[PDB]
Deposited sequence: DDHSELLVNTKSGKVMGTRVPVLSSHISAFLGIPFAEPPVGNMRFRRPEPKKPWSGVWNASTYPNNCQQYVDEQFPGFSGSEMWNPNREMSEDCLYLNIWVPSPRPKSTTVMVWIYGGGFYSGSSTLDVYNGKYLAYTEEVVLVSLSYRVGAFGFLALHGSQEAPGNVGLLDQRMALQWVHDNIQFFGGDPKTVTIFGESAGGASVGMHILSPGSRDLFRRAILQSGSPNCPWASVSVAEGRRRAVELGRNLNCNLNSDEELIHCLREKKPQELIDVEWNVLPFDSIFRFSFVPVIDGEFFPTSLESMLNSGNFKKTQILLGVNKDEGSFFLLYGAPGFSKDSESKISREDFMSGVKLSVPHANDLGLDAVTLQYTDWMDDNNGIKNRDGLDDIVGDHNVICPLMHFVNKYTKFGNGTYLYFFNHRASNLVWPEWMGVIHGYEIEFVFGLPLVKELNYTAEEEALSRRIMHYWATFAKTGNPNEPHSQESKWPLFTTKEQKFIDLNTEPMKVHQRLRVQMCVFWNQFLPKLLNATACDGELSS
């Protein structure tokens, strides 16, 4: 049987699913770790103990515990990111889509979902892996990992809540793939890990961390990189927030044991309800000196990281999503013209760690002084501030550092605004919306994309799959390599390829070189 597979942990029974009038093999909700419940919560995961019998793998597993977005109840644009399954701390499962018939030893791609390290699910409609596995003949895998406090509460020194366990969770699913993907037709020596946003930061963290390097071949980073300002914190800040979570829940704060034991008796929603109350994203990776030996910046300067090929990029409007959720004067229904009063508080809010001088620098850098009370210019400038600071420049800093040592870099700028996008037009090319093209949703007619969006999705997948199989997106019209001298990249849209150079250099020299120097002195 094509559906019954035997693995080092037990037998598994997948199901047959239809894909664009053909079919493929799917193994859903396969366990890769021991449920991190009870005294396990907050701890490094442990491998799933082998089972007897046949594991039913014809359905999606639970989604990890996480804050659930209710800003726009029932709206499909927000709702598509929320758990579409029941939440549970018993959530460490992976999904595999295998082409039918089973390939001898084909290319594997492991998907790592985003959600700011506080949310996310492997089971979203946008991460349905059948179209990619099917269309490109790849074995497609989506893992899961604990988010929020459950995955990142960090009490450095403690072994009961060491920090970075959602990351170790990711590493264990990768190890599982390394150990078992072969029984599915996948080639363990050819695995590409790829993710978007918090997941893209994840990929880059596994490129860094010595203990993950050998568990994959190549990496793809979408709108996220390891060095993002919101992707990690110091052991100090991690400890401080862990204690503050305790304080908020009436926990004896005498010792880490005291604290941790209190947190372990609390029901899930109880941690989730107070999660936001500890900020100066609450629980994120910690630069511990273990998963990450030294500072991210020093590892990058020394070349202390996996040297391989990478494919990465950003979307045109990385910041509009967050402006709509956290800044004054933005609305899902209005054009969102921003007055100068709002613009100003909007920058105070986008560079949370900056002083007055720093704020003046940002302000002056994104204000047209001939037309300072223009609402569109202020809206769009705040969008760029958020996107440049949080996603784009940190990524360009990483792309430049890595290329000095890597074995091949491919950079992209995705600027296509889907024709069926349910979000307001002023939001442009939104953070997260290149994903539906990566996963081939445009190939399904009921979804109503245009003929060119299908064409766009098809070359995006073929670039991705080809890159996964060979280290180069092109089969022997060319996407050029990104070199520290030339710095080329392509646009990704329906129109014909255009090669450009130095993606957002001006603004990124400001964020990467200049602003940090300014905050240092002051």
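Which segments of the deposited sequence lack C-alpha coordinates in the modelled structure, numbering from residue 1? Absent from the structure are positions 1 to 3, 284 to 289, 486 to 489, 536 to 543.
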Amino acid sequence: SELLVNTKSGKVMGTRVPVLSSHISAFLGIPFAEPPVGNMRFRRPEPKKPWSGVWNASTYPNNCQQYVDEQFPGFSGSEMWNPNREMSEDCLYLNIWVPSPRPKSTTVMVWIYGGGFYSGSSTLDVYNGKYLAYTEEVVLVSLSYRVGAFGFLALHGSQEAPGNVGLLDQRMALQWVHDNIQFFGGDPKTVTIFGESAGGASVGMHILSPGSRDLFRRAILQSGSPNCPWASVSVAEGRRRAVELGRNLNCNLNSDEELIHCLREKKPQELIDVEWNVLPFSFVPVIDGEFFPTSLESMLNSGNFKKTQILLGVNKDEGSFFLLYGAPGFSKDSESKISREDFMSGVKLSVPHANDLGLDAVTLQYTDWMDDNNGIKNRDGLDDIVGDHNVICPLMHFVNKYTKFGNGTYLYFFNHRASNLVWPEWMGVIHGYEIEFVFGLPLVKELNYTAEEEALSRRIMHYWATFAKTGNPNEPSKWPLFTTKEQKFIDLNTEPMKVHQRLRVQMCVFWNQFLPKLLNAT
From here on, numbers count along this sequence of modelled residues.
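Between 253 to 261 and 370 to 378, point out the one with the higher average CA B-factor as the PDB entry records it. Comparing 253 to 261 with 370 to 378, the higher mean C-alpha B-factor belongs to 253 to 261.
So, looking at the entry's B-factor column for Cα atoms, which has the higher mean, 243 to 251 or 283 to 291? If you average the C-alpha B-factors of 243 to 251 and of 283 to 291, the larger mean comes out for 243 to 251.
Hey, out of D125, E452, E318, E196, whose CA B-factor is highest in the deposited coordinates? In this record, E452 carries the highest C-alpha B-factor of the candidates.
Deposited CA B-factor, highest of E434, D169, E446, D388: Among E434, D169, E446, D388, the PDB entry lists the largest C-alpha B-factor for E446.
If you rank every modelled residue in this chain by C-alpha B factor, which third holds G116: lowest, middle or highest? Tercile = lowest for this residue's CA B-factor.
Against its chain's modelled residues, does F32's Cα B factor rank lowest, middle or highest third? Middle third.
Entry-reported Cα temperature factor of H500, expressed as the chain third it lands in: Its C-alpha B-factor belongs to the middle third of this chain's values.
Test of reading the entry: by CA B factor among the chain's modelled residues, which third contains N420? For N420, whose C-alpha B-factor we compare with every modelled residue in the chain, the answer is the middle third.
Hey, what third does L481 fall into on Cα B-factor, ranked over its chain? CA B-factor rank for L481: middle third.
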